[PDB]
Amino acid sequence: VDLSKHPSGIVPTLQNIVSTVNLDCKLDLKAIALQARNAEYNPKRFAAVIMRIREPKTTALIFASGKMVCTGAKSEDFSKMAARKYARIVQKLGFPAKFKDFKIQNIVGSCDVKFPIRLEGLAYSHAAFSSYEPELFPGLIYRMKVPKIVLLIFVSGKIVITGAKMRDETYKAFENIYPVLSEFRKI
């Protein structure tokens, strides 16, 4: 571990990435679901073809406007890789698709501080940022302002970090919360 970028000694592992791209050509969704072997399309349920690939394990939402959403990947490069796989699938069906304005939209990470946490003590001295409602959700919601990231903190010490467009905001958010968590370590 590079202790200069992770003073805690723990690196959060990315669990999910959402990315968008414009193939920049209108697509016949009804025909794409008929020809492709792993595609579903219920326009009454959602106005998109839902298509999945095996490597990398992802799910794509393909719209008639030509826009595409890619979910499920574990790295930004995997998300871009999967997105180009879906785009070529559309090209082999006859559509003049491109790869315009690819952009990572959301990054989900998680980690484990490996000690129990007193959530209500945390909520009391960080009330301006936190929301703890154990009968609605068993985890404390921490809305970090700098960088703007939301963290879900649980009694077991497991952490969920979401809202990042760059993986460094994920890391900085965890490093800002780590000394607070150890301060509320359940002894």
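Numbers for residues come from their place in the sequence shown, where the first is 1.
*Asks:* Quick check on the record: does 88 to 96 or 103 to 111 carry the larger mean Cα temperature factor?
*Replies:* If you average the C-alpha B-factors of 103 to 111 and of 88 to 96, the larger mean comes out for 88 to 96.
*Asks:* If you average the CA temperature factors over each stretch, which comes out higher, 155 to 163 or 44 to 52?
*Replies:* That would be 44 to 52.
*Asks:* Going by the entry, which of 126, 143, 26, 57 has the most elevated CA B factor?
*Replies:* Out of 126, 143, 26, 57, the record gives the largest C-alpha B-factor to 26.
*Asks:* Select one of 122, 62, 36, 150: the residue whose C-alpha shows the highest B-factor in the crystal structure entry.
*Replies:* Highest CA B-factor of the listed options: 36.
*Asks:* Would you please rank residue 11 by its C-alpha temperature factor against the other modelled residues of its chain and give the third it falls in: lowest, middle or highest?
*Replies:* Highest third, going by the recorded CA B-factors of the chain.
*Asks:* Based on the deposited C-alpha B factors for this chain, I'd like to know if residue 69 is in the lowest, middle or highest third.
*Replies:* Lowest third, going by the recorded CA B-factors of the chain.
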